[PDB]
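Participant: Have a peek at model.txt (compact mmCIF, C-alpha atoms).
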# COMPACT_ATOMS: atom_id res chain seq x y z
CA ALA A 8 88.50 239.25 234.57
CA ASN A 9 86.73 237.61 237.63
CA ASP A 10 88.27 236.54 240.95
CA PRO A 11 91.51 234.52 240.76
CA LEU A 12 90.13 232.03 243.28
CA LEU A 13 87.21 231.15 241.06
CA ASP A 14 89.20 231.36 237.82
CA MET A 15 91.84 229.10 239.25
CA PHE A 16 89.26 226.37 239.35
CA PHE A 17 88.37 226.82 235.68
CA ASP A 18 91.94 225.90 234.74
CA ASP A 19 92.26 222.43 233.20
CA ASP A 20 95.65 221.80 234.69
CA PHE A 21 94.42 222.91 238.11
CA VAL A 22 95.08 220.00 240.37
CA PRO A 23 93.47 220.03 243.88
CA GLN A 24 96.16 217.89 245.56
CA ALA A 25 98.73 220.41 244.33
CA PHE A 26 96.95 223.57 245.41
CA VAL A 27 96.40 222.64 249.04
CA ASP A 28 99.98 221.42 249.23
CA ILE A 29 101.51 224.78 248.25
CA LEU A 30 99.03 226.59 250.48
CA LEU A 31 99.56 224.89 253.83
CA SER A 32 103.31 225.39 253.38
CA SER A 33 103.63 228.80 255.08
CA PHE A 34 104.62 227.04 257.48
CA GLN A 35 103.84 224.84 260.50
CA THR A 36 104.90 224.94 264.20
CA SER A 37 103.12 227.29 266.65
CA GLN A 38 102.02 229.54 263.76
CA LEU A 39 99.70 226.71 262.69
CA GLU A 40 96.91 228.58 264.54
CA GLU A 41 97.62 231.48 262.21
CA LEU A 42 97.23 229.38 259.07
CA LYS A 43 94.33 227.57 260.77
CA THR A 44 92.16 230.70 260.76
CA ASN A 45 93.29 231.55 257.25
CA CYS A 46 92.05 228.24 255.89
CA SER A 47 88.70 228.61 257.63
CA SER A 48 87.87 231.76 255.66
CA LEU A 49 89.38 230.49 252.44
CA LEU A 50 87.08 227.46 252.89
CA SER A 51 84.02 229.71 253.24
CA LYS A 52 84.70 231.34 249.95
CA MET A 53 85.30 228.08 248.22
CA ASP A 54 82.03 227.05 249.75
CA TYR A 55 80.25 230.05 248.18
CA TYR A 56 81.82 229.26 244.81
CA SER A 57 80.81 225.66 245.11
CA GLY A 58 77.12 226.62 245.33
CA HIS A 59 77.46 229.28 242.70
CA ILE A 60 78.89 226.78 240.29
CA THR A 61 76.11 224.31 241.18
CA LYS A 62 73.53 226.96 240.47
CA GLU A 63 75.24 227.79 237.14
CA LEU A 64 75.27 224.07 236.35
CA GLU A 65 71.57 223.63 237.08
CA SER A 66 70.74 226.65 234.89
CA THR A 67 72.94 225.40 232.05
CA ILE A 68 71.50 221.89 231.93
CA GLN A 69 67.96 223.39 231.68
CA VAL A 70 68.84 225.01 228.35
CA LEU A 71 69.82 221.61 226.99
CA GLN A 72 66.07 220.99 227.09
CA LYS A 73 64.94 221.94 223.54
CA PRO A 74 65.89 225.63 222.90
CA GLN B 105 75.30 223.70 216.83
CA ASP B 106 74.38 226.31 219.38
CA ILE B 107 73.40 223.12 221.17
CA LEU B 108 77.01 221.89 221.50
CA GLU B 109 78.15 224.99 223.40
CA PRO B 110 75.68 224.40 226.24
CA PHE B 111 76.60 220.74 226.25
CA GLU B 112 80.31 221.81 226.43
CA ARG B 113 79.67 224.50 229.11
CA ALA B 114 77.85 221.96 231.22
CA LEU B 115 80.62 219.43 231.01
CA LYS B 116 83.10 222.05 232.05
CA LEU B 117 81.03 223.14 235.00
CA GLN B 118 80.89 219.51 236.19
CA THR B 119 84.71 219.54 236.23
CA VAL B 120 84.88 222.80 238.09
CA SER B 121 82.38 221.47 240.60
CA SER B 122 84.42 218.31 241.15
CA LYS B 123 87.66 220.25 241.48
CA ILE B 124 86.11 222.59 244.10
CA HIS B 125 84.77 219.61 246.04
CA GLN B 126 88.15 217.86 246.07
CA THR B 127 89.91 221.02 247.15
CA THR B 128 87.33 221.55 249.80
CA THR B 129 87.42 218.01 251.12
CA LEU B 130 91.19 217.79 251.24
CA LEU B 131 91.47 221.18 252.90
CA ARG B 132 88.96 220.17 255.56
CA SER B 133 90.73 216.82 256.16
CA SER B 134 93.81 218.94 256.81
CA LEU B 135 91.90 221.32 259.04
CA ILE B 136 90.47 218.58 261.25
CA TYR B 137 93.97 217.01 261.43
CA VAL B 138 95.53 220.25 262.69
CA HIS B 139 92.76 220.83 265.26
CA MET B 140 93.70 217.41 266.54
CA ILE B 141 97.38 218.18 266.69
CA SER B 142 96.43 221.31 268.57
CA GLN B 143 94.34 219.15 270.93
CA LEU B 144 97.29 216.74 271.17
CA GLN B 145 99.81 219.32 272.34
CA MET B 146 97.22 220.42 274.89
CA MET B 147 97.55 217.13 276.78
CA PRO B 148 100.80 216.96 278.78
CA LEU B 149 101.71 213.87 280.71
CA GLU B 150 103.35 212.71 283.89
CA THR B 151 106.17 210.37 282.84
CA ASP B 152 107.19 207.20 284.74
CA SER B 153 105.07 208.25 287.70
CA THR B 154 102.14 205.88 287.95
CA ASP B 155 100.00 207.96 290.27
CA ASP B 156 97.00 206.43 288.58
CA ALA B 157 95.45 209.16 287.36
CA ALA B 158 98.64 209.79 285.37
CA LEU B 159 97.58 206.66 283.45
CA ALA B 160 94.09 207.98 282.82
CA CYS B 161 95.80 210.88 281.04
CA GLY B 162 97.90 208.48 279.02
CA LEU B 163 94.87 206.63 277.71
CA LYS B 164 93.39 209.86 276.35
CA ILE B 165 96.64 210.66 274.49
CA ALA B 166 96.60 207.11 273.07
CA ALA B 167 93.01 207.50 271.86
CA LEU B 168 94.02 210.75 270.16
CA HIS B 169 96.66 208.79 268.28
CA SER B 170 93.98 206.36 267.20
CA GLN B 171 91.99 209.24 265.76
CA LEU B 172 95.05 210.58 263.97
CA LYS B 173 95.58 207.21 262.23
CA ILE B 174 91.89 207.16 261.31
CA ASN B 175 91.84 210.63 259.80
CA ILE B 176 94.96 209.85 257.67
CA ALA B 177 93.49 206.58 256.42
CA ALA B 178 90.08 208.10 255.67
CA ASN B 179 91.79 210.48 253.25
CA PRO B 180 94.98 208.74 252.08
CA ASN B 181 95.50 211.90 250.06
CA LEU B 182 96.36 213.54 253.42
CA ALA B 183 99.67 211.71 253.81
CA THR B 184 101.47 213.11 250.75
CA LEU B 185 101.44 216.75 251.93
CA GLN B 186 104.87 218.21 252.84
CA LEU B 187 103.41 220.19 255.75
CA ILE B 188 101.38 217.36 257.17
CA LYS B 189 104.46 215.15 257.12
CA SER B 190 106.49 217.98 258.66
CA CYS B 191 104.29 217.90 261.75
CA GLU B 192 103.84 214.09 261.50
CA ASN B 193 107.45 213.67 262.66
CA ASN B 194 107.87 216.99 264.52
CA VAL B 195 104.89 216.73 266.83
CA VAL B 196 103.15 213.35 266.58
CA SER B 197 106.05 210.95 266.04
CA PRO B 198 107.72 212.40 269.18
CA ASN B 199 104.50 212.60 271.26
CA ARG B 200 103.97 209.02 270.08
CA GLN B 201 107.40 207.90 271.19
CA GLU B 202 107.16 209.61 274.57
CA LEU B 203 103.81 207.81 275.08
CA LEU B 204 105.37 204.51 274.00
CA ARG B 205 108.15 204.99 276.52
CA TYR B 206 105.50 205.72 279.16
CA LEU B 207 103.49 202.59 278.38
CA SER B 208 106.27 200.03 277.96
CA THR B 209 108.19 201.12 281.05
CA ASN B 210 104.99 201.14 283.10
CA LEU B 211 104.01 197.69 281.81
CA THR B 212 107.48 196.19 282.26
CA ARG B 213 107.65 197.54 285.83
CA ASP B 214 104.16 196.31 286.64
CA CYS B 215 105.07 192.82 285.39
CA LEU B 216 108.44 192.31 287.08
CA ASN B 217 106.89 193.10 290.45
CA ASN B 218 105.21 189.64 290.58
CA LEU B 219 102.77 191.15 293.12
CA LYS B 220 101.01 193.50 290.73
CA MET B 221 100.97 190.48 288.43
CA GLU B 222 98.30 188.91 290.66
CA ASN B 223 97.05 192.05 292.52
CA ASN B 224 96.25 194.22 289.50
CA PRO B 225 95.40 191.92 286.60
CA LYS B 226 92.87 194.46 285.38
CA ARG B 227 95.53 197.21 285.32
CA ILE B 228 97.99 195.13 283.27
CA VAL B 229 95.34 194.00 280.78
CA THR B 230 94.68 197.69 280.11
CA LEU B 231 98.40 198.25 279.45
CA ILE B 232 98.56 195.29 277.04
CA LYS B 233 95.53 196.34 274.97
CA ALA B 234 96.68 199.96 274.98
CA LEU B 235 100.25 199.33 273.84
CA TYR B 236 99.16 196.87 271.10
CA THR B 237 96.76 199.40 269.62
CA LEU B 238 99.41 202.16 269.48
CA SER B 239 102.20 200.05 268.04
CA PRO B 240 101.89 196.23 268.26
CA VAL B 241 105.59 195.62 267.60
CA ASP B 242 106.42 197.62 270.73
CA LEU B 243 104.14 195.46 272.86
CA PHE B 244 106.19 192.47 271.75
CA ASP B 245 109.58 194.19 272.18
CA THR B 246 108.25 194.96 275.63
CA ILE B 247 107.05 191.42 276.33
CA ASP B 248 110.38 190.31 274.87
CA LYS B 249 112.21 192.48 277.36
CA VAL B 250 110.05 191.38 280.31
CA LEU B 251 110.36 187.68 279.55
CA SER B 252 114.11 187.99 279.07
CA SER B 253 114.30 189.73 282.46
CA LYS B 254 112.51 187.00 284.37
CA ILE B 255 114.67 184.24 282.81
CA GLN B 256 117.75 186.28 283.77
CA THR B 257 116.73 186.81 287.42
CA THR B 258 115.68 183.19 288.04
CA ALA B 259 118.59 181.62 286.14
CA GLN B 260 120.83 183.78 288.31
CA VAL B 261 119.13 182.76 291.60
CA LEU B 262 119.52 179.03 290.80
CA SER B 263 123.21 179.28 289.91
CA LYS B 264 123.91 181.15 293.14
CA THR B 265 123.12 178.00 295.14
CA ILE B 266 125.55 175.80 293.17
CA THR B 267 128.18 176.87 295.71
CA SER B 268 125.64 175.98 298.41
CA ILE B 269 123.33 173.21 297.08
CA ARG B 270 121.99 172.65 300.56
CA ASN B 271 119.72 175.60 299.79
CA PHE B 272 118.70 174.28 296.35
CA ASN B 273 115.06 173.66 297.35
CA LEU B 274 114.69 177.38 298.15
CA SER B 275 116.10 178.53 294.81
CA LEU B 276 114.02 175.90 293.00
CA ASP B 277 110.98 177.51 294.67
CA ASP B 278 111.89 181.06 293.52
CA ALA B 279 112.06 179.67 289.99
CA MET B 280 108.46 178.44 290.29
CA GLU B 281 107.48 181.89 291.62
CA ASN B 282 108.35 183.45 288.27
CA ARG B 283 107.12 180.37 286.36
CA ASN B 284 103.70 181.06 287.86
CA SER B 285 103.91 184.79 287.06
CA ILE B 286 104.49 183.75 283.46
CA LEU B 287 101.62 181.26 283.63
CA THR B 288 99.32 184.11 284.62
CA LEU B 289 100.83 186.59 282.09
CA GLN B 290 100.06 184.44 279.08
CA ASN B 291 96.42 184.18 280.17
CA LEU B 292 95.86 187.55 280.25
CA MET B 293 97.68 187.97 276.96
CA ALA B 294 95.16 185.65 275.31
CA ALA B 295 92.35 187.45 277.18
CA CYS B 296 93.12 190.45 274.99
CA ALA B 297 91.33 189.87 271.67
CA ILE B 298 92.20 191.23 268.20
CA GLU B 299 90.51 191.83 264.82
CA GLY B 300 88.01 189.16 263.81
CA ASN B 301 89.75 186.28 265.57
CA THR B 302 92.83 185.20 267.58
CA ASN B 303 94.46 186.98 270.50
CA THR B 304 97.66 188.78 271.49
CA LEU B 305 99.29 185.64 272.87
CA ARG B 306 98.82 183.55 269.73
CA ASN B 307 100.05 186.49 267.63
CA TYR B 308 103.17 186.97 269.74
CA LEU B 309 103.86 183.23 269.71
CA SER B 310 103.40 183.19 265.91
CA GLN B 311 106.04 185.87 265.21
CA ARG B 312 108.40 184.08 267.60
CA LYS B 313 110.00 180.64 267.75
CA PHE B 314 108.22 180.13 271.03
CA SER B 315 105.25 177.83 271.64
CA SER B 316 104.32 179.08 275.10
CA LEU B 317 105.86 181.72 277.35
CA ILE B 318 106.62 178.98 279.87
CA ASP B 319 108.34 176.84 277.23
CA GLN B 320 110.80 179.53 276.22
CA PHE B 321 111.17 180.55 279.86
CA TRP B 322 112.32 177.15 281.16
CA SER B 323 114.31 176.38 278.03
CA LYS B 324 116.37 179.54 278.46
CA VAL B 325 116.90 179.39 282.26
CA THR B 326 117.66 175.70 281.89
CA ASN B 327 120.55 176.54 279.59
CA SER B 328 122.29 179.26 281.57
CA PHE B 329 121.88 177.09 284.64
CA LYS B 330 122.91 173.88 282.92
CA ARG B 331 126.00 175.61 281.61
CA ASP B 332 126.90 176.80 285.11
CA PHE B 333 126.17 173.52 286.81
CA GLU B 334 128.19 171.45 284.39
CA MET B 335 131.05 173.92 284.27
CA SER B 336 131.23 173.59 288.01
CA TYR B 337 130.87 169.79 288.03
CA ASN B 338 133.51 169.27 285.29
CA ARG B 339 135.91 171.45 287.20
CA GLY B 340 137.04 168.91 289.73
CA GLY B 341 136.80 171.43 292.55
CA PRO B 342 135.14 171.00 295.97
CA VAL B 343 131.78 172.51 294.89
CA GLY B 344 131.94 170.27 291.82
CA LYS B 345 132.40 167.36 294.21
CA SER B 346 129.70 168.65 296.60
CA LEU B 347 127.52 168.60 293.51
CA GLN B 348 128.08 164.87 293.23
CA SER B 349 128.04 164.08 296.99
CA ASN B 350 124.65 165.89 297.37
CA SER B 351 123.27 164.26 294.21
CA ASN B 352 120.15 162.64 295.66
CA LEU B 353 119.19 165.78 297.64
CA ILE B 354 119.02 167.67 294.34
CA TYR B 355 116.92 165.03 292.60
CA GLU B 356 114.89 164.84 295.79
CA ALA B 357 114.34 168.61 296.12
CA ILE B 358 113.31 168.57 292.43
CA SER B 359 110.49 166.05 292.71
CA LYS B 360 109.33 167.74 295.93
CA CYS B 361 108.64 170.84 293.79
CA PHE B 362 107.57 169.32 290.47
CA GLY B 363 105.88 165.95 291.03
CA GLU B 364 108.02 163.61 288.89
CA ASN B 365 107.22 162.52 285.34
CA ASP B 366 104.81 160.82 282.94
CA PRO B 367 101.46 159.77 284.33
CA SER B 368 99.92 162.38 286.64
CA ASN B 369 100.98 166.01 287.11
CA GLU B 370 100.90 168.55 284.27
CA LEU B 371 104.10 170.07 285.55
CA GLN B 372 105.73 167.27 283.60
CA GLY B 373 107.75 168.44 280.61
CA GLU B 374 108.17 171.76 282.37
CA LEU B 375 109.77 169.46 284.94
CA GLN B 376 111.81 167.81 282.20
CA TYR B 377 113.87 170.94 281.49
CA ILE B 378 115.14 171.21 285.10
CA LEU B 379 116.09 167.52 284.99
CA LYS B 380 118.28 167.88 281.87
CA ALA B 381 120.18 170.82 283.36
CA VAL B 382 121.19 168.59 286.22
CA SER B 383 122.23 165.46 284.33
CA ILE B 384 126.02 165.02 284.69
CA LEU B 385 125.21 163.20 287.96
CA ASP B 386 125.74 160.20 285.70
What is this file in C-alpha cells?
Facilitator:
Amino acid sequence: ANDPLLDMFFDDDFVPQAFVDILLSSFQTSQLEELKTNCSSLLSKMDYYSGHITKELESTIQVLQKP
Amino acid sequence: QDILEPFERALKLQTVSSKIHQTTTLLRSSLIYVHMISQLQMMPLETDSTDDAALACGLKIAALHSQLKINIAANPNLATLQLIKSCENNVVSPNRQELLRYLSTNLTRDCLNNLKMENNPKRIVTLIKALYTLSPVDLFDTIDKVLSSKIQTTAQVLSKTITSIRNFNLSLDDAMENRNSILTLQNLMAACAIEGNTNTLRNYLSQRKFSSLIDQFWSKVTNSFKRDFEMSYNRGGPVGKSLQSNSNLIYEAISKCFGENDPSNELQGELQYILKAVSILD
C-alpha cells in the first residue's frame, strides 16, 4: 500500500497550496511552537521522499536508453 | 510499447518531484515566517518614553517588519493561507500599529518642540526614514498633523495681540520662529531619499495641494488671522478702532521683520501673505 505521505504526492489532484493550508490550521496563537516542531519533522520526511523520487527518476530515465 | 510505460513513469515522477518541491518550499516559507513572528513577540517596547535606547529597540522591531514584508513578497503564495492571515492581523497588524503609534507620536513631539528641530536633526531624520519605510501614508498623516499644529499655534498667537496691537512685533516674531522650524523641516524631508529618484518632500508635496511646507503654512495662518483681524476691524468697537489708529505701527512692525517686497529679500511672497491679512487698513 505504501506510506500515505508519499502516496499523497502521486495523486493527480494533489495540490500543494491546498495541503499546507489544511495542515497549518491546527491552529495558531501560542501553540504555534507546537505546530512549529511538527512541521520541522514533516519537512524531513518530505525531504527524504524528495531524494527518493529523484533517485527513482534517474533510474527510470536510464531505461529509456535502448532496452 | 514497453517503451511507452517507462516514458509515462518518468513523466509522472517529474510531476511528483515538482509537487514535493512546491510543498516543501511553501512549508518552509511558512516556517521561516513563524520563526519571525516568534522573534517579533520576543521584542517588547517602551511606549512614548523616549529614553533613547527605547528608540534603538523600536528600530529593530521596524526592521523585523521589513523582513516580514519581504518574506511574504518572495512567496506571494504565502499570503493566501488562512492561518498566516490569522496571525497577520492577530500579531503583526497590532504590533505594527503599536509601533506606528510609537513612531508618529515620538516624531510629532520631537518636531513641535522647535528646539529638537535644530538640536537633534539627526534624530528626526531617523524618525522620518523609519516611519516612511513602515507605512508611508502614516508619515504624511503625521506630517499633516504636525504642520496643522504649528499653523494653529502661530495663528492663535497672532490673533491674541489684536486686542493689544502694541505687542504685534513680538507675535510677528513668534510666527517667524515656527516659519523657520518649517524651513528646516522640509530640508530634512528632502534629505531623505527614496527608490531610484526623488525624496520624501517632493512625494508629500505631490500627494497634496501644497507646493512647499512654508506656502501652505503661511496661507493657512494668514486666513485664520485675516478672518480675526477683519472681524475685529469691521466691528466698530474700540479694538477695531485701535486697529486703524495703530495702522502704521503694524505695517512698520511687518517690514521690520520681513524686509518689504519685490527687489531684494527672498522673504518676499512669504511676506505677501501677512500683508493681505492686514489689508482693511484701506
Participant: For a test of reading the model, state the distance in Å between atom CA of residue A:27 and atom CA of residue A:12, rounded to one decimal.
Facilitator: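 Computed distance, atom CA of residue A:27 to atom CA of residue A:12, equals 12.7 Å.
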Participant: How close does each residue of chain A get to chain B, giving the shortest atom pair and distance in Å to one decimal for every residue with an atom at most 7 Å away, counting all atoms listed in the file, sorted by chain and residue number, as a tab-separated table?
Facilitator:
residue	atom	partner	partner_atom	distance
A:16	CA	B:120	CA	5.8
A:17	CA	B:120	CA	5.8
A:23	CA	B:127	CA	4.9
A:27	CA	B:131	CA	6.4
A:28	CA	B:185	CA	5.6
A:31	CA	B:187	CA	6.4
A:32	CA	B:187	CA	5.7
A:35	CA	B:187	CA	6.7
A:43	CA	B:135	CA	6.9
A:50	CA	B:128	CA	6.7
A:53	CA	B:124	CA	6.9
A:57	CA	B:124	CA	6.2
A:60	CA	B:121	CA	6.4
A:61	CA	B:121	CA	6.9
A:64	CA	B:117	CA	6.0
A:67	CA	B:114	CA	6.1
A:68	CA	B:114	CA	6.4
A:71	CA	B:110	CA	6.5
Participant: Excluding stretch 258-268 of chain B and its own-chain neighbours fewer than 2 positions away, which residues fall within 12 Å of it when counting only C-alpha atoms? Please give them as number ranges by chain.
Facilitator: B: 216, 251-256, 270-283, 285, 321-337, 341-348, 350-351, 354, 378, 381-382
Participant: Can you tell me how far atom CA of residue B:240 sits from atom CA of residue B:374, in Å to one decimal?
Facilitator: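 Atom CA of residue B:374 lies 28.9 Å from atom CA of residue B:240.
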Participant: What's around residue B:247 at 9 Å? Count all atoms listed in the file, leave out sequence neighbours fewer than 3 positions away in its own chain, and write the answer as a list in words.
Facilitator: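 Neighbouring residues, sequence-local ones excluded: residues 208, 211, 212, 242, 243, 244, 250, 251, 252 and 308 of chain B.
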Participant: Show which residues sit within 12 Å of residue B:151, as a PyMOL selection string. Count all atoms listed in the file, and ignore same-chain residues fewer than 5 positions away.
Facilitator: chain B and resi 156-159+161-162+199+201-210
Participant: Could you tell me how far atom CA of residue A:41 sits from atom CA of residue A:21, in Å to one decimal place?
Facilitator: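 Taking atom CA of residue A:21 and atom CA of residue A:41, their separation equals 25.8 Å.
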Participant: So which residues touch residue B:364 within 10 Å, counting only C-alpha atoms, skipping near sequence neighbours fewer than 5 positions away, as a list in words?
Facilitator: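 The residues that qualify are residues 355, 356, 358, 359, 369, 370, 371, 372, 373, 375, 376 and 379 of chain B.
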Participant: Go ahead and write the residues just picked, C-alpha atoms, as a PDB file, keeping the file's coordinate frame.
Facilitator:
ATOM      1  CA  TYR B 355     116.920 165.030 292.600  1.00  0.00           C
ATOM      2  CA  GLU B 356     114.890 164.840 295.790  1.00  0.00           C
ATOM      3  CA  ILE B 358     113.310 168.570 292.430  1.00  0.00           C
ATOM      4  CA  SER B 359     110.490 166.050 292.710  1.00  0.00           C
ATOM      5  CA  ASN B 369     100.980 166.010 287.110  1.00  0.00           C
ATOM      6  CA  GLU B 370     100.900 168.550 284.270  1.00  0.00           C
ATOM      7  CA  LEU B 371     104.100 170.070 285.550  1.00  0.00           C
ATOM      8  CA  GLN B 372     105.730 167.270 283.600  1.00  0.00           C
ATOM      9  CA  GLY B 373     107.750 168.440 280.610  1.00  0.00           C
ATOM     10  CA  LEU B 375     109.770 169.460 284.940  1.00  0.00           C
ATOM     11  CA  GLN B 376     111.810 167.810 282.200  1.00  0.00           C
ATOM     12  CA  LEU B 379     116.090 167.520 284.990  1.00  0.00           C
TER      13      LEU B 379
END
Participant: Would you pick out the contacts of residue B:232 at 8 Å or less, using all atoms listed in the file, so that residues sharing its chain but fewer than 2 positions from it are not included, and give the list as a list in words?
Facilitator: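 So the residues in contact are residues 211, 228, 229, 230, 234, 235, 236, 243, 293 and 296 of chain B.
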Participant: Using only C-alpha atoms, can you list as a list in words the residues within 12 Å of (94.2, 185.2, 278.3)?
Facilitator: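 Residues with an atom at most 12 Å from (94.2, 185.2, 278.3): residues 225, 226, 228, 229, 232, 233, 286, 287, 288, 289, 290, 291, 292, 293, 294, 295, 296, 297, 298, 302, 303, 304, 305 and 306 of chain B.
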